[PDB]
Every structure is written in structure tokens, then in C-alpha cells.
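Peer 1: the amino acid sequence is not available; the structure is as follows:
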């Protein structure tokens, strides 16, 4: 149930 | 955390979340000790009994968080692992003795209102504060109850949880379990008679047990959430890695790498 | 050198809601 970590952020 | 409360914003700016890339899941807590070093429990990265042996690329750490599940835009920062260092005498075969590990970040994380490092204790601060009765603070996004539950029956928290717990006399820690306790561990929690409750629970391990020094008003990480039996059970106590006792190893790693 | 001093608390001389509980336990 975790909102995805958008690229850029990585 | 069982029987804790919602953390205030920026209350534990050194809190770090150890996140498995795929499938995306919370593995453990951790703490920020400098812009490029994160401290955690060795068992969060290596535990052969459960076929766990993570490699740098299997993980990500999220720093500056409050919400457990949400991506906190403009607030949290993601850092990648350059190298994992596990204590060479970490005892995963028997009792989790020396349950400590360091993770060096590929790039320094930017400090902000929500991201800031905790201090590691010097010998004097540790001797003065690591005493039965003195309370420390545990924070984490672990389960709210021992009984398997999720977001439907009070299982996991929406946001970072916090609980203050007293360090327990060593003979009482020893007498509460059949596991062999070592000087590299201390236990904390309330006794059955004391009334108040609280404990760390699944997902909190690797996180910090901190104390605010009354001498210089700085927060010091005295322990790492290491292990327990059940969560918040009467007569049981949470066990923590004694950070000061393993500081020589910590310093050796940082100085060398 | 600035370790353990929180931007939103120690840095601005604000106390969080339960830190006093820790202080009271020391001694």
C-alpha cells in the first residue's frame, strides 16, 4: 500500500 | 510501535526508512548520523535464517519522512547505497549479538527542517544516561499491534509513531527471556506493575532509541531497535543494540571509508 | 557539530510534547 516513488526522485 | 502516539513534524529528523525497491516495502528503520552515513541493525540487511542477505542495489533509504505510505514531495529525499558494512562479529546464529551495520550513501543527503543527524554518544554521556529508570525514545513505522493486522483492523500507522520507554535493570532483562543477553545489548520497557505500556514491533527494527542529554540539550542515539519476543507483552522487554559499546567499530569504518 | 539539535525544536527553542518525560526520568 505504498505510493510509488516517482523517477527523478531516485 | 505499540501503544505510542503520532510523532510531531520534524520530531525525529534523523529517522530513516529502509525501503526494498521491489516489491516496494518497509524493511526497517535506520538513523542519519552524517550527510553520508546511515546506521541500522545488521539483521535488517543480513539474516540467513530467513534467507535475507541484501546487497546495496536491493535497497533505497527515504529520509525526512512522516507519512508511512505517501511519497512526500518537496520534503523527503531518496538516497542510494554505495556500500553496506556489517559488524564482523555480528552473531546472527545465536542471539543477534553486535546487531549493527552502517550504510554509506552514494551522495550526501541535503539537511533541512525535516532532515538532520543525531549524535553518537561519548563515553561519559553514555555512562551518565544508560541507567535503569532513565527513559529513551523509540520511533518507527512498524506495526501498532503484535496480532497480524493492517489498514483495516488497527495494524499499521498512517504516520511515524513515537514512544518513550525506561531502560530496565540488567537482571530483569536477563530474567525475562531464555536468550543469552550480552553487554552489547540493553532492554527497555515498562514492567507489568507500572501500568504504562509500549514497545517497538515489526518494521521498527534498525530504528533509533534516543535520549536527550540534560547536559547539553542534544539528542544522542544510545541504541538500535534489535529484537523482542512478541510486541508489548507483559513481562517482556524490547532489546536494543548498545551503540556506545560498538562505537570503536563505527569509528573504524567511518575513518577508513 | 550541529548533531542532535533539531531545526524545528532545539534550533528555535521549542520543546516537543513529551521530551519533558525523558528529562524528568534523568535522576
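Peer 2: Sure, I can see it. Numbers count the residues shown, from 1 in each chain, chains lettered A, B, ... in the order given.
Peer 1: just the terminal-to-terminal distance for stretch B:228-238.
Peer 2: With CA to CA, to the nearest Å as the measure, the ends of stretch B:228-238 fall 5 Å from one another.
Peer 1: meant to ask about stretch B:156-167
Peer 2: So stretch B:156-167: terminal residues 25 Å apart, CA to CA.
Peer 1: what about that stretch and chain C, touching?
Peer 2: Yes. Using CB under 8 Å from any CB of the partner chain, stretch B:156-167 reaches chain C at B:162, B:164, B:166. In short, each C-beta sits where N, CA and C put it, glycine included.
Peer 1: I figured the second one hits residue C:21, correct?
Peer 2: Spelled out, that is residue B:164. Yes. Between residue B:164 and residue C:21 there is a contact under CB atoms under 8 Å: 5.1 Å.
Peer 1: so between those two, which is more surrounded?
Peer 2: residue B:164 (21 against 12; other CB atoms under 10 Å in any protein chain shown).
Peer 1: so who does that one touch?
Peer 2: B:135-138, B:198, C:18, C:21-22 (CB atoms under 8 Å, 6 or more residues apart in numbering or on different chains).
Peer 1: can you tell me the element it falls in?
Peer 2: For residue B:164, the host element (DSSP states H and E) is strand B:161-166.
Peer 1: joint contacts of residue B:164 and residue C:21?
Peer 2: Here residue B:164 and residue C:21 share the contacting residues residue B:135, scored by CB under 8 Å, 6+ apart.
Peer 1: find the nearest non-adjacent residue to the closest residue to chain A within the stretch 101-250 of chain B, please.
Peer 2: The stretch 101-250 of chain B approaches chain A most closely through residue B:151 (6.3 Å), counting by CB to the nearest CB. Leaving aside its sequence neighbours, residue B:151 sits nearest to residue A:1 (CB to CB, 6 or more residues apart in numbering or on different chains; 6.3 Å).
Peer 1: for that neighbour, give me its contacts.
Peer 2: Contacts for residue A:1 (CB under 8 Å, 6+ apart) come out as B:69, B:150-151.
Peer 1: repeat that for residue B:199.
Peer 2: Here residue B:199 is in contact with B:1-3, B:163, B:165, B:189, B:228, B:231-233, B:236-238 (CB under 8 Å, 6+ apart).
Peer 1: ok, the contacts of residue A:1 vs chain C, which is closest?
Peer 2: Nearest to chain C out of the contacts of residue A:1 is residue B:69 (CB to the nearest CB; 22.6 Å).
Peer 1: which residue packs closest to that closest one, ignoring adjacent ones?
Peer 2: Take residue B:69 and drop its neighbours on the chain: the residue closest to it by CB to CB, 6+ apart is residue A:2, 5.0 Å away.
Peer 1: element containing the one you found, please.
Peer 2: Using DSSP H and E, residue A:2 falls within no helix or strand.
Peer 1: please report how far the residue nearest to residue B:98 when sequence neighbours are not counted lies from chain A.
Peer 2: The shortest distance from residue B:98 to any residue other than its chain neighbours is 4.5 Å, reached at residue B:87 (CB to CB, 6+ apart). For residue B:87, the distance to chain A equals 29 Å [CB to the nearest CB, to the nearest Å].
Peer 1: among the contacts of residue B:164, which ones are buried?
Peer 2: B:135-138, B:198, C:22 (16 or more other CB atoms under 10 Å in any protein chain shown).
Peer 1: center of chain A - which residue?
Peer 2: Nearest to the mean C-alpha position of chain A, counting by CA atoms, centre = their mean, stands residue A:5 at 0.4 Å.
Peer 1: OK, contacts around that residue?
Peer 2: Counted by CB under 8 Å, 6+ apart, residue A:5 has contacts B:24, B:60, B:62, B:71, B:78.
Peer 1: helix, strand, or coil at residue B:206?
Peer 2: coil (DSSP: H, G, I helix; E, B strand; the rest coil).
Peer 1: does it touch residue B:224 like I think?
Peer 2: Yes. With contacts counted by CB under 8 Å, residue B:206 reaches residue B:224, the gap being 6.5 Å.
Peer 1: shared neighbours of those two, anything?
Peer 2: B:40-41.
Peer 1: let me know how buried residue B:17 is, in neighbour terms.
Peer 2: Using other CB under 10 Å, residue B:17 is surrounded by 23 other residues.
Peer 1: assign a three-state SS to it, would you?
Peer 2: Per three-state DSSP, residue B:17 ends up strand.
Peer 1: the residue lying closest to it once chain neighbours are set aside: which element?
Peer 2: With sequence-adjacent residues excluded and distances taken as CB to CB, 6+ apart, residue B:17 is closest to residue B:62, at 4.4 Å. In this assignment (DSSP H and E), residue B:62 forms part of strand B:59-63.
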